[PDB]
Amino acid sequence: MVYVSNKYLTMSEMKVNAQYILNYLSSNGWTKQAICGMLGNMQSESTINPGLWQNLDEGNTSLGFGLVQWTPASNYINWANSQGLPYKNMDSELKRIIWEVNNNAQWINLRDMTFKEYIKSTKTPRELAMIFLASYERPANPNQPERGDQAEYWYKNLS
């Protein structure tokens, strides 16, 4: 059971999605820390909503979409379509992230950590949130410490 929509999710809704993601990526060998650092980013990017378009601008494929706000959205949507997966879909988005780890896409090593190091890391969810921000997300504004607070909130509050 997950929320998928073009709307900002409440804390309770985010928690449902966030536990789903933790379960899913644990089976694909990520640490709880690495997953929570990424969750702290996804909260700021999309309120952890796989259905969410940047500015709630539905159908604008030039801008951000989905859990991590793939920009331009077409980078991701093209991949889903080309792969025969529905793009507006929790699992399709997690499959993209796994595909990126596997093919060393998206990640730029700015912090002397590779993506494959990242998903096996037991550094703090705060430290990982900051590394994921700098290496994977890379938004115009870089000092977004909120993302680390959030990573710690999910690590505490999920199972």
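A residue's number is simply how far along the shown sequence it sits, counting from 1.
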{"query": "Chain thirds of CA B-factor: placement of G40", "finding": "lowest"}
{"query": "Position of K120 among the chain's modelled residues by C-alpha B-factor, lowest, middle or highest third", "finding": "highest"}
{"query": "Chain thirds of CA B-factor: placement of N104", "finding": "highest"}
{"query": "Relative C-alpha B-factor of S26, binned into the chain's lowest, middle or highest third", "finding": "highest"}
{"query": "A140 - which third its CA temperature factor falls in, relative to the rest of the chain", "finding": "highest"}
